[PDB]
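A closer look at the structure
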Amino acid sequence: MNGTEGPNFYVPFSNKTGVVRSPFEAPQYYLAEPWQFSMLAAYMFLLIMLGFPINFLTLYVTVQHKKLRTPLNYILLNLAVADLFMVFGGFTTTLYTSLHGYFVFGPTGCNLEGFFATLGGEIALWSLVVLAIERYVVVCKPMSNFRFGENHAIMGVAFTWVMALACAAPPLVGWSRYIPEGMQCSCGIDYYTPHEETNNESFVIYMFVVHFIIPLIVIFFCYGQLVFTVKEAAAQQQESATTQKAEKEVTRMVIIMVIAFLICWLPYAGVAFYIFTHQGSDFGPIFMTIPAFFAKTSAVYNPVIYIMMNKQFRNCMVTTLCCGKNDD
Ligand SMILES: *[C@@H]1O[C@H](CO)[C@@H](O[C@@H]2O[C@H](CO)[C@@H](O[C@@H]3O[C@H](CO)[C@@H](O)[C@H](O)[C@@H]3O)[C@H](O)[C@H]2NC(C)=O)[C@H](O)[C@H]1NC(C)=O
Ligand SMILES: *[C@@H]1O[C@H](CO)[C@@H](O[C@@H]2O[C@H](CO)[C@@H](O)[C@H](O)[C@H]2NC(C)=O)[C@H](O)[C@H]1NC(C)=O
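Residues numbered from 1 in each chain as written, not as in the entry; some residues may be left out. Chains lettered and ligands numbered in written order. Heavy atoms only, no water. Residues with missing side-chain atoms left out of burial classes, pairs and counts.

Quick word on a nonpolar patch on the surface
A cluster of nonpolar side chains, namely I205, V209, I213, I214 and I217, defines an oily patch on the protein surface of about 390 Å² accessible area. Assessed through its relative accessible area of 48%, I217 is described here as partly exposed. (Patch = residues over 30% accessible without salt bridge, like charges linked within 9 Å, V, L, I, M, F, W, Y side chains within 5 Å. Areas by Shrake-Rupley, 256 points an atom, 1.4 Å probe, with all protein chains shown as cover. Salt bridge = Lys/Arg side-chain N within 4 Å of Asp/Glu carboxyl O. Buried < 20%, exposed > 50% of the residue type's maximum accessible area, 1.4 Å probe, protein only.)

Below is the structure:
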């Protein structure tokens, strides 16, 4: 016994003092220090706080601007909505949770918080997948006379939700569950226990395989052709340098996000994986809580790349904000 086990909780602290309670019933203040809790709640607000207005504003800009109807504007407007949903659904749940030191909103709270946070992170993954292939099709242009235009950009946003709901939602009904994490304040997938009546073994494997490994091999794949193209398979293709210049500033943007995603999300992925092998080992609440709350910048950083790296958007947004002169 290196923590505690219950119906729907695992608290990584030896109930040898009998101080350990459920994160649905009582304040887990015993798990560490008060200042550390209202430290995370102060970080949830700040996230909500740069997130809410930059994601809506992402939406607000694409809204007003009719020239933003391309593959790239689409996927990101999508992401803004993926982010905001974390901000309002997943985040306001965890915020409140940090300031009282437990899920007072009960198990159904641990759903919401953990759902959107699994959603916004996976949408972000699958969208990258779509992105990787669009750049593939538009730069490697490998199939016959084709157009990646307005129509596929709605097939793609619709594909990403499809495969984030394929991962985030199965714990809601009967395949694995959403369970408290580290300082218990954050909630995520049940890796820490078998719990056979939900199939937490099959779910996890799948969850990594389908919704981590695979999408990466595809994004690594689309990468492998673009390295090939720009070297010597984009020589005979004749693309005018003008076209390349701006289209490169659109290639780069994809992979920045590829990396940034992995930078905020590999710490998590790896830490989760590590528990799964060592089911019920010696470790502390501080272990998962860090790559957790950190990782939730995924509701913010995406727009921020789009703000920094894309000149067009940067001149659309600005133009919304003076109201006229620095359009679409
Ligand atoms: C970690 O250990 C603590 C204490 O070592 C557990 O709390 C204890 O929970 C039991 C079971 O609910 C309490 O016993 C109750 O006593 C009355 C006797 O009149 C009985 O009628 C009730 O039905 C119940 O059996 C016990 O008082 C309580 N101990 C105290 C005072 O701390 C705790 O549940 C453990 N953590 C978990 C969630 O595994
Ligand atoms: C709880 O954590 C402890 C580490 O503190 C682990 O207990 C080890 O048990 C194995 C036997 O398989 C021994 O090789 C080690 O001597 C133990 N370590 C210590 C420091 O006591 C264990 O992995 C965890 N779970 C158990 C079985 O209690």
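Still more ground to cover, so stick around.
So, the site of ligand 1
Near ligand 1, the surroundings consist of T4, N15, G18, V20 and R21. In this structure, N15 approaches ligand 1 through a side-chain N or O atom, which is 2.4 Å from an oxygen atom. Between ligand 1 and the protein, one listed contact pairs a nitrogen atom with a backbone N or O atom of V20 at 2.9 Å. Coverage of ligand 1 by the protein amounts to 25% of the 760 Å² it exposes when considered alone. Residues belonging to the shell around ligand 1 are distributed by class as follows: 1 nonpolar, 3 polar and 1 charged. (Near = heavy atom within 4 Å. Polar contact = N/O pair within 3.5 Å; in protein donor to acceptor, adjacent residues only side chain to side chain. Nonpolar A, V, L, I, M, F, W, Y, C, P; charged D, E, K, R; others polar.)

Here's the deal with the UniProt feature "transmembrane region" in the chain
Within the UniProt annotation, "transmembrane region" is assigned to residues 37–61, 74–96, 111–133, 153–173, 203–224, 253–274 and 287–308. A helix fraction of 95% and a strand fraction of 0% characterise residues 153–173, whose end C-alpha atoms lie 30 Å from each other. End C-alpha atoms of residues 253–274 are separated by 31 Å, and the span's content is 100% helix alongside 0% strand. (UniProt positions renumbered as here; feature names shortened; annotations may be inferred. Helix = DSSP H or I, 4+ residues; strand = E, 2+ residues; numbered from the N terminus.)

Describing the environment of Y178
Along the polypeptide, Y178 turns up in strand 1 (residues 178–181). The exposure class assigned to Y178 is buried, which follows from its relative accessible area of 7%. Taking the C-alpha atoms as reference points, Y178 and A117, separated by 61 residues in sequence, lie 11 Å from one another. If we ignore the near neighbours within four places in the chain, the residues touching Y178 are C110, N111, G114, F115, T118, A168, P171, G188 and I189. Within the structure, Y178 has its side chain in polar contact with the side chain of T118 (distance 3.1 Å). For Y178, the side chain forms a polar contact with the main-chain oxygen of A168, separated by 2.5 Å. (Contact = heavy atoms within 4.5 Å.)

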